[PDB]
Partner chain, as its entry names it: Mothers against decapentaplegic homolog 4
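Take a look at this single chain, the form solved without its partner chain, given in structure tokens.
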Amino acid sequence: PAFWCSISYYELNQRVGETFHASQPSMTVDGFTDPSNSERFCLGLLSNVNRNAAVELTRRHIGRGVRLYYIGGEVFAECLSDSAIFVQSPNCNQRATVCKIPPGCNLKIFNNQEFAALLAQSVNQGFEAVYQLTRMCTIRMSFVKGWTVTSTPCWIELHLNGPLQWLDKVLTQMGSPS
């Protein structure tokens, strides 16, 4: 996939900034006021007229944030911030729980071997069963405070394009012969 994922930033229930499209296998999402580029999604420059003290307080603790890694269809997250990050990944929980990644730690947030196995099995269950897997292609992550997700001050939503494109391909193959 051209862009392995798209990342959208949120402040409580408010969408902030444009969607980040990841083209590099490794990149960071941090709270710095630097311009974003292919290797970093910087949340510090983003403005929000309706931003309260709670959100601005959290934003100051993001720091180095999180480094995301894409390899072999798998996705890993590493907490660079000195405050923890919290991930809600259906695929990860498949082994709605929120995982806490403390400072300096790492976790595989998307297992493509697990996904492939669930996909092969889901085909036998029908179109709807395969489509249900789209839910594992969306991962939410919050900075500093864990958790609805709209109740956390700073969070991002990732959409994994590789798995989604694969699901599209399979669903297409399931076209009824009639």
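Residue numbers count along the first chain shown, from 1. Basically, rigid core = biggest C-alpha set you can superpose within 1.5 Å across the two forms.
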item	value
Gap size, residue 96 back to residue 95 (deposited sequence, no coordinates)	4 to 9
Count class of coordinate-free deposited residues lying between the neighbours residue 32 and residue 33	none
Stretch exceeding the other in mean C-alpha B-factor - 43-51, 65-73	43-51
Residue range whose averaged C-alpha B-factor is higher in the record, 98-106 or 74-82	98-106
Given 134, 125, 36, 26, the residue at which the Cα B factor reaches its maximum	125
Lowest, middle or highest third - CA B-factor, residue 154	middle
Residue 172 by Cα B-factor - lowest, middle or highest third of the modelled chain	middle
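This next part talks about the form solved in complex with its partner chain, which is not shown.
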{"query": "4.5 angstroms heavy atom contact with its partner chain in the deposited complex for residue 48", "finding": "yes"}
{"query": "Its partner chain in the deposited complex - contacting residues of 30-58, heavy atom within 4.5 Å", "finding": "31, 32, 33, 34, 35, 36, 37, 40, 44, 45, 46, 47, 48, 49, 50, 51, 56"}
{"query": "Rigid-core-referenced C-alpha movement of 2 Å or more between the shown form and the other one, selected from 38, 124, 47, 50", "finding": "124"}
{"query": "Rigid core superposition, residue 170 Cα moves 2 angstroms or more between the shown form and the other one", "finding": "yes"}
